[PDB]
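Accompanying notes for the structure given below.
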Amino acid sequence: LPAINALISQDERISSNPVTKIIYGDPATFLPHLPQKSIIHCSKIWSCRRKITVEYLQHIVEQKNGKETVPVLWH
Amino acid sequence: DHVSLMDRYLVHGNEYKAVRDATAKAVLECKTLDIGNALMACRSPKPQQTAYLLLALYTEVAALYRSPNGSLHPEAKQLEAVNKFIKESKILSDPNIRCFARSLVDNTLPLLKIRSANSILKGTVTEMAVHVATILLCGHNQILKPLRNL
Amino acid sequence: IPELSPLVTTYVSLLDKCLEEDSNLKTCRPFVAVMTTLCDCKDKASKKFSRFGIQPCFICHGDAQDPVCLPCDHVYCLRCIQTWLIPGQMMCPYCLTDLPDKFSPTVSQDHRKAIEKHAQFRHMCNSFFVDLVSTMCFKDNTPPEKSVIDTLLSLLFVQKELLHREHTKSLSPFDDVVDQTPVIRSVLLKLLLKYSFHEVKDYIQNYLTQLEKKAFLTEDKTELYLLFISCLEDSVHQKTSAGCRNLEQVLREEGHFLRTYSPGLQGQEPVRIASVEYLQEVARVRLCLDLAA
Ligand SMILES: [Zn+2]
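Chains as they are written, first to last, in the entry's author numbering: chain A, 4639 to 4713; chain B, 4265 to 4414; chain C, 3891 to 4053, 4060 to 4189.
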């Protein structure tokens, strides 16, 4: 899936469109009106991440053998 | 204002991408032997080849039919070329696949008229539906024999 | 291993005598007493186990694999002694004792199971330690005292020993656990960030200055800064969702944070300066924008 995200990031008709560059895997430093290269204004610091919910916990339980190792949380 | 949509079928990758590029070229020009040249440049035999061809034909005619500026372009003397290639090459001239693909050519498949009023998720639902229809037609597999009948 | 019950059955009453005077681990004196009782419990446990000092290998600074024993009661790695002993240094790294023949006695019976049981024991005792500092040290809505938090922030570090200096361990009151790459976890930080941020600014600031001065001087500080921003925003999620107030108060107070936000970005800009107030501002505006999105 990260290779698939790389492939979907590099199709040759959306890559010219500047909305998939400011979202889907390119640094936003091409936008010229911006603060300079600081230690805190990198792209990964202003990236997105998960919101941890119960169903995701159940998904993690199903990968990590929750019927055997952690039975009370699985049930 | 020509902000086009995403082609989700590049998950197949580096053998669907070549045949979809050659189908977009044969969309813009009129020579259709390029599709046959791309088909003899591929592994993953006749079902996967037919699935690549049908999804390439779908994504080109769909990205054409949805947009209001370039609607119904293969009717402009170009459906004859792709239909002669259908009549010649047996890679997609299976008569259930062929009667599906002709219906996709002349816009008489009732999945493009899916009438979802959300207009964002409508695109995604159409793409998954035509993807699973391509897989159920092109796939000669036991664990698709109920769902094809379904 | 039913050969340690008359030790821990003594240390239960020893902890009872240490906690009988002041049964409040949030202050200094019973906390330091419990730390010293657990520490000499562990080391007298090890002398009960395997003849004065199951140690990490002096070369690798970690636990031994295929354990070879010197004639001077030294437990080393097999890989470390095969990459070390073969030139003209047929002697000892620790006590300078000449080994006569060869590293031929390896102990595949006692020392592997000894390192296995001691690793399981450090895991259970570290689980004890994190449960104790989660429950009793962080009991009510008021935070503990200054010196207990200072000893907590100092027990994450394994300061100078003669060899790589200044590694980082997994919140242990012990010394013989290592990672030979500086890893930075988030267990003490999240258990510290269950309180209000207004009273724990200087503590996390001092921990950050320590991490900058000994562990992440010139490395990928982007990952550590992202870890602090994620822990701060999870802390604000906990202080809002487990709290009981309406949407109107949080909207008015985060709006008042927004429209009175001085930029001030020239302070913590250039290459290294990142205060915890600055990362708290960044996590707070990310949560304001999460609500706005
Ligand atoms: Zn070693």
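Just so it is clear, CB atoms sit at the ideal spot from N, CA and C, and this is done for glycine as well.
Can you tell me which of the three DSSP states C/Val-3958 falls into?
C/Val-3958: strand per DSSP, three-state reduction.
Below 9 Å between beta carbons is the criterion; list the residues of the segment 4658-4681 of chain A that meet it against any residue of chain C, in chain order.
So the list reads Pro-4673, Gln-4674, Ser-4676, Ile-4677, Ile-4678, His-4679, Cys-4680, given in the order they occur along the chain.
From the DSSP secondary-structure annotation, give me the bridge partner or partners of C/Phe-4047.
C/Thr-4064.
Use the C-beta contact count for B/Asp-4370: other C-beta atoms within 10 angstroms, 16 or more gives buried, fewer gives exposed.
Answer is exposed; the Cβ neighbour count stays below 16.
Could you tell me which residues DSSP puts in a beta bridge with C/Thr-3996?
Partner(s): C/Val-3958.
Residues of the segment 4294-4312 of chain B with a CB closer than 8 Å to any CB of chain A: list them in chain order, please.
Against chain A - using a Cβ distance shorter than 8 Å - the segment 4294-4312 of chain B contributes no residues.
Which same chain residues end up closer than 8 Å to A/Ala-4644 when comparing Cβ atoms and leaving out the 5 residues on each side of it in sequence?
Taken in chain order, the residues that qualify are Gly-4663.
Determine the closest residue to C/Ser-3940 out of C/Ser-4126, C/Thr-4114, C/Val-4178, C/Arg-4002, with distance taken between C-alpha atoms.
C/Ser-3940 has its Cα closest to that of C/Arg-4002, out of C/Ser-4126, C/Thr-4114, C/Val-4178, C/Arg-4002.
For C/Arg-3969 and C/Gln-3955, what's the separation of their Cα atoms in angstroms?
When rounded, the distance between both Cα atoms is 8 Å.
Measuring alpha carbon to alpha carbon, tell me which residue in B/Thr-4390, B/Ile-4407, B/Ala-4381, B/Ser-4383 is nearest B/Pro-4374.
Minimum Cα distance to B/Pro-4374 is reached at B/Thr-4390.
Taking DSSP's pairing of strands, which residues face C/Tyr-3966 in a bridge?
Note: C/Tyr-3966 sits in a beta bridge opposite C/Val-3958.
Which residues end up in the neighbourhood of ligand 1 when you take C-beta atoms closer than 5 Å to any of its heavy atoms?
Ordered along the chain, the selected set is C/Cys-3947, C/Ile-3949, C/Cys-3950, C/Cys-3967, C/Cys-3970.
Is there contact here, the segment 4318-4329 of chain B with the segment 4282-4293 of chain B, by at least three beta-carbon pairs under 8 Å?
Result yes; three or more Cβ-Cβ pairs closer than 8 Å.
Whose C-beta lies closer than 8 Å to the C-beta of C/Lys-4029 among residues of the same chain, with five residues either side of it excluded?
So the list reads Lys-3916, once near-sequence residues are dropped.
Using the Cα positions of C/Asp-4071 and A/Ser-4653, report the straight-line distance between them to the nearest angstrom.
Rounded to whole angstroms, C/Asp-4071 to A/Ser-4653 spans 52 Å at the Cα level.
Are C/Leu-4161 and A/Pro-4673 close, meaning C-beta to C-beta below 8 Å?
A contact, by the Cβ cut-off of 8 Å.
Between C/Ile-4125 and chain A, is there a C-beta pair that is closer than 8 Å?
Yes, contact with chain A.
Examine chain A for any beta-carbon lying closer than 8 Å to the beta-carbon of B/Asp-4265, and answer yes or no.
No, because no Cβ of chain A sits closer than 8 Å to the Cβ of B/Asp-4265.
Does A/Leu-4695 come within less than 8 Å of chain B when only Cβ atoms are used?
Chain B, which has no Cβ nearer than 8 Å to the Cβ of A/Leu-4695, makes this no.
Could you have a look at C/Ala-4170 and say whether DSSP puts it in helix, strand or coil?
C/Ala-4170 falls in the coil class under three-state DSSP.
Would a C-beta distance cut-off of 8 Å place C/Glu-4119 and A/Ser-4676 closer than the cut-off?
Contact: no.
With a cut-off of 8 Å, does the C-beta of C/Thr-4118 fall near any C-beta of chain A?
By this cut-off, C/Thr-4118 is an interface position.
Can you pull the chain B residues whose beta carbon is under 9 Å from the beta carbon of A/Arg-4651, in chain order?
What A/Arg-4651 touches in chain B: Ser-4268, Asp-4271.
When the Cβ atoms of the segment 4086-4104 of chain C are set against those of the segment 4123-4133 of chain C, are three or more pairs found closer than 8 Å?
Flag = yes, the segment 4086-4104 of chain C and the segment 4123-4133 of chain C touch.
Just the chain A side, please: which residues come within less than 7 Å of B/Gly-4277 by C-beta, in chain order?
Within 7 Å Cβ-Cβ: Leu-4645.
So, at 8 Å on beta carbons, what are the nonlocal neighbours of B/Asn-4301 in its own chain, with the 5 sequence-adjacent residues on each side left out?
So the qualifying residues of the chain are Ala-4286.
Measure from the C-beta of B/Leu-4318 to each C-beta in chain E and report whether the shortest distance is under 8 Å.
Absent from the structure is chain E; the protein chains it does hold are A, B and C.
Contact criterion: CB-CB distance below 8 Å. Does A/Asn-4655 meet it with respect to chain B?
Judged by the 8 Å Cβ criterion, A/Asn-4655 is in contact with chain B.
Taking 8 Å as the threshold (C-beta atoms), are C/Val-4146 and C/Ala-4179 in contact?
Contact: no.
Got a sec, what are the start and stop residues for the alpha helix (DSSP H) B/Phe-4364 sits in?
Its alpha helix (DSSP H) spans residues 4359-4369.
Starting from the C-beta of B/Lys-4348, find all residues in its chain whose C-beta is less than 8 Å away, skip the five residues before and the five after it, and write them out in chain order.
So the qualifying residues of the chain are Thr-4296.
Which bits of chain C does A/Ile-4683 rub up against, with CB to CB less than 9 Å?
By Cβ distance, chain C contributes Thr-4118, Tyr-4121, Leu-4122, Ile-4125, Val-4178.
Should the segment 4012-4019 of chain C be regarded as contacting the segment 3899-3909 of chain C, the criterion being three or more beta carbon pairs within less than 8 Å?
No, the segment 4012-4019 of chain C is not in contact with the segment 3899-3909 of chain C.
Which word fits C/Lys-4050, buried or exposed, when buried means at least 16 other C-beta atoms lie within 10 angstroms of its C-beta?
Looking at its Cβ environment, which holds fewer than 16 other Cβ atoms inside 10 Å, C/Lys-4050 is exposed.
By Cβ distance below 8 Å, which residues in the same chain neighbour C/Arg-4182 in space, the five residues on each side in sequence not counted?
If we look at C/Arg-4182 and ignore the five residues flanking it on each side, its Cβ neighbours are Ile-4125, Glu-4129.
Taking 8 Å as the threshold (beta carbon to beta carbon), is C/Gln-4134 in contact with chain A?
Cβ-Cβ to chain A under 8 Å: no for C/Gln-4134.
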